[PDB]
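First come two forms of one protein chain, each written alone as structure tokens, so that there is a structure 1 and a structure 2.
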Structure 1
């Protein structure tokens, strides 16, 4: 019949930080493709709510309460996922926080909280998952990075951007170490994506954000989930150590004047 990509139905995934925002969208996109998904988070109430919301998906979404900055929780997460699903094929190293603080105000704890969730939590879940991902014979790691850091700057986010670029520096070497294991590791770099959190500002400001983007809208969490889904396919086995910016063209204009001359 018609064939696009090979179905991922019945494979096993972890989405760290999966109870809300982009991570929830990644989880729902994989579950709609028939992949069983464990989402992680620190807040059991939020995890339970998201598991309930997603109860009708084809693949089964369940939760593990875990702190990505603790390697022992990362190992517990992988073990619990393998127990529930039977193995582990896909890790979406997604968990991310984005508090703001100008350079002169950032404390050591501010810097370590952001680097610890965003960067160390990516490393630790990949480390815990290596043996199972190797055993799968088609392991996939997708990292949720950002345009902020690798490409752009944004006042108040110099530690955030540092952490998102750190993920990429890490994976450019990790892809080489993981190639003999037949695991690929790539990152999605979201631009400005509409989430529950951004709903807490007015249409005025959201319209200003959209008008600065060539696509003329903020992205959806499904836009990120679908990019991660492509990297997870068998058909992406020759893509590794790489990045895909998903931003409706946000990084392209040199300024709003270039947008306006349209």
Structure 2
């Protein structure tokens, strides 16, 4: 009869919500009656996802914005407050994972990944702070990864760096946000079927599939539903923490051990 208090009518931002995990998070929240502003740089991709999600209970709309731009963060929050009247949930999700061996990585390569993945998470949280404070039950959910905080994978030394940087930030942010009644937590997916992971190629997807006790790559709904849990009133006592959503992938001591 009753599980979690309904989030209907609340207001959320998902950065990088046009594709992949961000889209699955937006759809998960929208199905729960949360109005969602999704962001991204490509307008056509935002428009297709807004069109695709037009039948959801919560209204998904788009704001074209680069997470690396602090001005775009402020505009995103202001536009979301304008459309919804306030702001309750920020899902700091936008992220990229280009691959490059450490000896090949340029300053620009490193700043590209750290700017989107880490700086872009900090910028949207900063911009959203006052509206989340006015919420009285603010929720920030960060899309980190097992890569960095837990795992290594050749080619992703800067990616993993940026995923760990998110968590180092939120362990302090959680303490600064607690008097404002905002929780901040992070989902750490393992390997989820997305357009972004598709670019890694089939042999990467097979490789990770065989390393996962659950026997499959995860789904965007898996991450959206973890985000949803963190946003509930029922999770008000959870802050500064991580949840690994990976089918057991970080557990095995070795390969065939699965």
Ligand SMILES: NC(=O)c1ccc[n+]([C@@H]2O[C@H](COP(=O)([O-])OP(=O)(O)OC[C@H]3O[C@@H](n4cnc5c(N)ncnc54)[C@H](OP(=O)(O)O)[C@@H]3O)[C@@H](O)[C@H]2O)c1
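Positions refer to the first chain, counted from 1. The term rigid core refers to the most C-alpha atoms you can superpose between the two forms while keeping them within 1.5 Å.
By the stated condition, namely the form solved in complex with this ligand, the second structure is the one that fits. Core-based superposition between structure 1 and structure 2 shows that, of 237, 52, 215, 201, only 201 has its Cα displaced by 2 Å or more. On a core-based overlay, residue 254 has a Cα shift of 1.1 Å between structure 1 and structure 2. On core superposition, residue 62 has its C-alpha offset by 0.2 angstrom between structure 1 and structure 2.
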